[PDB]
Structures are given as structure tokens and as C-alpha cells.
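# starting from these lines, generate the structure:
(2 chains, ligands or ions: 1)
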Amino acid sequence: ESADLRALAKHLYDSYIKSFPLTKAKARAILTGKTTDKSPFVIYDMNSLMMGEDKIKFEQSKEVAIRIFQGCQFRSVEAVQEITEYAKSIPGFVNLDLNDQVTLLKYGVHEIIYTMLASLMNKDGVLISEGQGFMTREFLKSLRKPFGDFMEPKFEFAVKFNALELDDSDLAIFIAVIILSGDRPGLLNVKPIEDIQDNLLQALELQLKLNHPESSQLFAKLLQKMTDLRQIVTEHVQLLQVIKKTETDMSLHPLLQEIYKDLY
Amino acid sequence: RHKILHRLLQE
Ligand SMILES: COc1cc(O)c2c(c1C(=O)NCc1cccc3ccccc13)OC1=CC(O)=C(C(C)=O)C(=O)[C@]12C
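Numbers count the residues shown, from 1 in each chain, chains lettered A, B, ... in the order given. What follows is the structure:
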């Protein structure tokens, strides 16, 4: 029944709005200029950063590259909490074995972080601090190794992904499908996850058929993006393994350590 | 492991 599939799509969209404060809609409204409120403060170099460090930050002894990296860590932690709340709204999720819920999040959250970062990005930079800051791609890419190469891959994906022109309604279901991946390592009860995902995939297919009538390729392209994201996150984790090993001033946030731990 | 995720998952 397509009726139930549209109701499911709407439920996920509504939960998505509850769980994620800065939506792609609200982000694109800021990136362009729909709003009249104080545009975000633009950070494009060391000088712009030091003065904006009060409009983006709601110590001061660590170098810039480290400070910005810690910032990315704090946002990702907040995002993990948002994603966890969203996951719990997906029909069937909370009824899964609790250990499997943890496993699904452990392997899923960073794929979702990449996905949702794109919503806050254009070719030129990323919105931060709930939209009150805008840090340029060029500034982030210029951060000393290895940190510049840690930032850039997120923009590389966002450019490709944003070309697909998904909206928040599309994204709500896309994210749900990713979280309910029955082939994450170490899952105990695969069938119930696969059954939920199969229904979510049907919901996604119908959503894209109705919402993007003129782009028949979209569903198949999103399935491949789910595959790409696994390789993309593997690289993220590795590069982060190198950072915690090579930078003596790396306080890896406990939640992130917990997620990265034994991620293979 | 996963002390934090566990408590986040349980309201
Ligand atoms: C360049 O990004 C950022 C820079 C930055 O300075 C900050 C960011 C992000 C941020 O939200 N980014 C999310 C993010 C997370 C993971 C990987 C990324 C890669 C590229 C771009 C953003 C990425 O979010 C932040 C959270 C904090 O609590 C901070 C502090 C110190 O209180 C920061 O210092 C902020 C204001």
C-alpha cells in the first residue's frame, strides 16, 4: 500500500524536523539570503577567525588547526546525539536488540554526518554554529597537514551529493535507510533490520518517484551513494587514526573514541 | 564498550 508508504515518509520527515535543528531548507535560506537576520560571520583566514571566535563559539593556547579540529569534534558529537534521537523515531528501531541498535549507530553515524554536512555546504564553505558562522572551504583546506586533508573530503562529497538536489523530505528517508543497514559487522539479528530497511527502501523509491518525476535515475544513484559513503568513512576513520597517533595535542572526544574503537 | 551510546539509546 502506497498510502502507508507516504504516511511513513511523512512520519520520518516530521521526526527529522524534530531531531535536526538546522535543516537543508533553513541552511539554503541562509546560504542564499532568504532571511534578513544577521547573515553568518564569514571566516576565511586567520584574521577573520580570531575576531569571529565569539560569534561561532557559544584555553586559546592551541594552534588554529587544532582549535578548528576540536570544533569539528564537538559538532560531530552533537550530531551523533541528534542522529540517535532520529534513529529512535524510525518504526521498529527501539524494538531491536539493544546491542544491534548500538552497532547500527556505531557504523552509521559518520555516514549520516557526511550526508547532513552537505546540507550546510556549498562550493565555497560550510555553515557552522547553527548558521551564525560561515567558514570558507579554502581556509579549511589551507589548514596545515594533516588537518587540511581532513576537511576537504567532506566538501568533495558534498559537491557531488548536492548535485542531486535532494530536499529534507528525501533526506529523512535516505538517512533512515542508511541507519537500518542489515550488513553492519557484528549484528546479532539481521532479518528484522533487513525487513525494516526493505520497507524504508520502498518508501524512498516512491518518494523519489513523486518528488523528482523528471529524474528516474535518482533512486539508483542514492543506493550507490550509500555504498560510496562506506569507503568514504573508512578513509575518514583511518585519517583520524593517523591524527591521534601523530599529534601529541589530540584530545579525542570520549563519544568519538567509543565509536571509532574497534571499527573494523 | 559503548557506555555513552547505550544511555543515549535508553531515554
Ligand atoms: C570547520 O567546522 C567547524 C569549525 C568550528 O570552529 C566549529 C564548528 C565546525 C563544524 O560544525 N563543523 C562540522 C564538521 C564535522 C566533522 C568534519 C567536518 C569537515 C569539514 C567541515 C566541517 C566538519 O562547530 C563548532 C563547535 C564547537 O562547539 C566549537 C567550540 C570551540 O565551542 C567550534 O569551534 C565550532 C564553532
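# once you drop chain neighbours, what's closest to the residue most central in space within chain B?
Nearest to the mean C-alpha position of chain B, counting by Cα atoms, centre = their mean, stands residue B:6 at 1.7 Å. Among residues not flanking residue B:6 along the chain, residue A:102 sits closest, at 6.4 Å (Cβ to Cβ, 6 or more residues apart in numbering or on different chains). Backbone N, C-alpha and C define where each C-beta goes, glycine included.
# and the one you found, that's in a strand?
No - using DSSP: H, G, I helix; E, B strand; the rest coil, the secondary structure at residue A:102 is helix, not a strand.
# and it, how many residues sit next to it?
22 (other Cβ atoms under 10 Å in any protein chain shown).
# looking at it, it is touching residue B:8, isn't it?
No - counting by Cβ atoms under 8 Å, residue A:102 does not reach residue B:8; the two are 9.4 Å apart.
# returning to that earlier point: which SSE is the residue nearest to the centre of chain B in?
Using DSSP states H and E, residue B:6 falls within helix B:3-9.
# now tell me what touches that helix from outside.
Here helix B:3-9 makes contact (Cβ atoms under 8 Å, 6 or more residues apart in numbering or on different chains) with A:80-81, A:84, A:88, A:94, A:98, A:101-102, A:105-106, A:254-255, A:258-259.
# contact residues of chain A facing the ligand?
Chain A has residues A:56-57, A:68, A:70-72, A:74-76, A:117, A:126, A:128-129, A:135, A:140, A:151, A:154 near the ligand, with proximity defined as Cβ under 6 Å from any ligand atom.
# now the buried members of those residues.
Buried members of those, counted by 16 or more other Cβ atoms under 10 Å in any protein chain shown: A:56, A:68, A:70-72, A:75-76, A:117, A:126, A:128-129, A:135, A:140, A:151, A:154.
# residue A:223: which of those residues is nearest?
Distances from residue A:223 to those, taken as Cβ to Cβ, are shortest for residue A:117 (20.2 Å).
# what strand or helix carries the closest residue to the closest one other than its chain neighbours?
In space, and not counting its chain neighbours, residue A:117 is closest to residue A:154: 5.4 Å by Cβ to Cβ, 6+ apart. Per DSSP H and E, residue A:154 falls inside helix A:148-162.
# contacts for that helix, please.
Helix A:148-162 is contacted by residues A:65, A:69, A:72, A:114-115, A:117-118, A:121-123, A:126, A:137, A:140-143, A:225, A:228-229, A:232, A:235-236, A:239-240, A:243 when judged by Cβ under 8 Å, 6+ apart.
# ok, stretch A:227-241 next?
Here stretch A:227-241 makes contact (Cβ under 8 Å, 6+ apart) with A:110-111, A:114-115, A:146, A:149-150, A:153, A:157, A:178, A:260, A:263.
# buried residues, it. List them.
Buried residues in stretch A:227-241, counted by 16+ other Cβ under 10 Å: A:229-230, A:232-233, A:236, A:240.
# what's the burial count for whichever residue of chain B sits closest to the ligand?
The ligand sits closest to residue B:4 of chain B, with a gap of 17.2 Å, by Cβ to the nearest ligand atom. Using other Cβ under 10 Å, residue B:4 has 20 neighbouring residues.
# next one: residue A:127
22.
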